[PDB]
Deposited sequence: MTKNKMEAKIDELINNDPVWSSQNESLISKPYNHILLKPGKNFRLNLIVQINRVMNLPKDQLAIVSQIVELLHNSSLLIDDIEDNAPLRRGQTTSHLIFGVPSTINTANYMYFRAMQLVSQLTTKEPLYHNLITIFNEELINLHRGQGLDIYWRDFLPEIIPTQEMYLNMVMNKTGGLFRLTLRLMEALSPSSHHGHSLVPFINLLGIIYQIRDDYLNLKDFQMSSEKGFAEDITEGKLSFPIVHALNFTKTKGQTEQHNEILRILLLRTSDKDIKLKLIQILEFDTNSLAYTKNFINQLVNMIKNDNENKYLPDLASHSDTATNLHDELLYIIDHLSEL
């Protein structure tokens, strides 16, 4: 009867979980926290709040949700890309193992979800906030799924520039839109002008493309290691080169771009060969730089504020988010 008594108690209570247990499974997450970036994201949220006027406490919870989603996304991204370093340091999966890191990142997606409850007690607003959360986590995973598919099954699908931009709207725009949409739903301010969603989609596009561009340009210049080549990613410049070489009939160059991506190599000279093919042969680096400038000018020349509601500064430090 003593075992029966014991089982009886176990099953009539909530599952036992200790603060010691909590710390053990938080290791992969605690490790990525040590990296900087938190204040730059906080800074963009703060600037956007000059329009939305959420009270300090509410804004802090939006910020916590964003940090959990963002950091958990990176933990997963690094396992998905086989990345050995992030912000200059060893990637969590290489320390704690892939199993713990997947589970912990996934665990934090649900802690983020739980925080949404803390934003309001109003039932109609709550429903809306969780919908926004749900929609953008679905968008996020769709774009990421496509990015991974193209890369890992290359050359099955060679994306065009239009496909790439749609993938980024889902993958990168997800977190930017999730944050803005939560703020717009919670805003006490009557009408603070048109929605900023178009503006935030544009920031996400500039962000990803610049990210892609700098990963190669920094290596060309010195700084980095063009780890995107090692990963075989269909980045903005790679997408332009692949489509450029096809439409120009440069058969050998097109096949060599593909061969190098498929090697998943860490040879610096081989990565530099490809980078210089994009520099001199397909003019993909210059095309990309100009594309970025054009995107940034869409905001810098937005005199009638159809996009815009400090923000210029953020744009120049977008790589630091």
Gaps relative to the deposited sequence fall at 1-3, 226-227, 315-328
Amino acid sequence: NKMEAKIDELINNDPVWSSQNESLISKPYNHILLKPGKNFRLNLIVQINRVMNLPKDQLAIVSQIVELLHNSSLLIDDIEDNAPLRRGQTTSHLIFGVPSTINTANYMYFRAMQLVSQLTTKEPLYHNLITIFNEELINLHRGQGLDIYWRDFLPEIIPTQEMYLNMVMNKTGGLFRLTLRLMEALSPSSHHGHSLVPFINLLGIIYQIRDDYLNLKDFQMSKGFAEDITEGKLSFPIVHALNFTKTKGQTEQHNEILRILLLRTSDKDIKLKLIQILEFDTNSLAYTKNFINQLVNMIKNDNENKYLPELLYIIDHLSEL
From here on, numbers count along this sequence of modelled residues.
(request) Answer yes if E310 is missing coordinates in at least a third of the other compared entries, and no if every one of them models it. (result) yes
Original post:
Would you say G193 is missing from a third or more of the other compared entries?
Top reply: yes
Avg C-alpha B-factor, entry values, 139-147 vs 83-91, higher side is 83-91
Averaging the C-alpha temperature factors as deposited, the higher value of 229-237 versus 244-252 falls on 244-252
The largest CA temperature factor among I299, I25, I11, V16 is found at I299
The residue of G173, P99, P198, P188 with the maximal C-alpha B-factor according to the PDB record is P188
Temperature factor at the Cα of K268, chain-ranked in thirds, falls in the middle
Among the modelled residues of its chain, the C-alpha B-factor of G204 falls in the third labelled lowest
So, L33's CA B-factor, relative to its chain, sits in which third? The highest
In terms of its chain's C-alpha B-factors, the third that includes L261 is the lowest
Of the three thirds of the chain ranked by Cα temperature factor, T179 occupies the middle
